[PDB]
Amino acid sequence: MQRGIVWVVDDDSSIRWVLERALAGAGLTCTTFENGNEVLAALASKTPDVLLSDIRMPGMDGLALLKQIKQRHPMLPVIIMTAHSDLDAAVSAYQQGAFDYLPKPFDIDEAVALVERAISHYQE
Numbered sequence: 018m019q020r021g022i023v024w025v026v027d028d029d030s031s032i033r034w035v036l037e038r039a040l041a042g043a044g045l046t047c048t049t050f051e052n053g054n055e056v057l058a059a060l061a062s063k064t065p066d067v068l069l070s071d072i073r074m075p076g077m078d079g080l081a082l083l084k085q086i087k088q089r090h091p092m093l094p095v096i097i098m099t100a101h102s103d104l105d106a107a108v109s110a111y112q113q114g115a116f117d118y119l120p121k122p123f124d125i126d127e128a129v130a131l132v133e134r135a136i137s138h139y140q141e
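Position in the sequence shown counted from 1, then plus 17, gives you this note's numbering.
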């Protein structure tokens, strides 16, 4: 048990399960948080091994709240999900750009496998 954490932040009930399933299927941890607040009042006291928030938020598509993210975990190799048209705000709207906001929809497994490679590469 225990081998990577990922806080999901989606206002849907399809990816949260998939992610949680895949994450809990790939041998990784996951925490559904369809409430930026929760992930805010939860990451305001600590920080996981990584995050995987989605849009929902405002920031045009919902990538502004990111502030809190970075403000909470300004180092975590977060990727986050995007709908292609929600990547131009994730790819071109960050200080220390170093993400890969999967062009959701994508292969959760591919996203999970990534973390497993990001949670490790983190030791650099």
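Ideal Cβ placement from N, Cα and C applies to all residues, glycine included.
Query	Result
Short of 8 Å in beta carbon distance, which residues of its chain neighbour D126, apart from the five on each side in sequence? Order them along the chain.	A39 and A43
Using CA coordinates, which residue listed in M77, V67 and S102 is at the minimum distance from residue 8?	What is shown of the chain runs 18 to 141, which leaves residue 8 out entirely.
How long is the line joining the alpha carbons of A115 and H90, rounded to whole angstroms?	14 Å
Do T49 and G21 have their CB atoms nearer than 7 Å?	no
Give the straight-line distance between the Cα atoms of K84 and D117, rounded to the nearest whole angstrom.	17 Å
Within 10 angstroms of its Cβ, does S70 collect 16 or more other Cβ (buried), or is it exposed?	buried
In the DSSP assignment, find the unbroken alpha helix (DSSP H) run with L131 in it and report its ends.	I125 to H138
Which of the three DSSP states is assigned to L82 in this structure?	coil
By the DSSP assignment, the alpha helix (DSSP H) with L36 in it spans what residues?	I32 to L40
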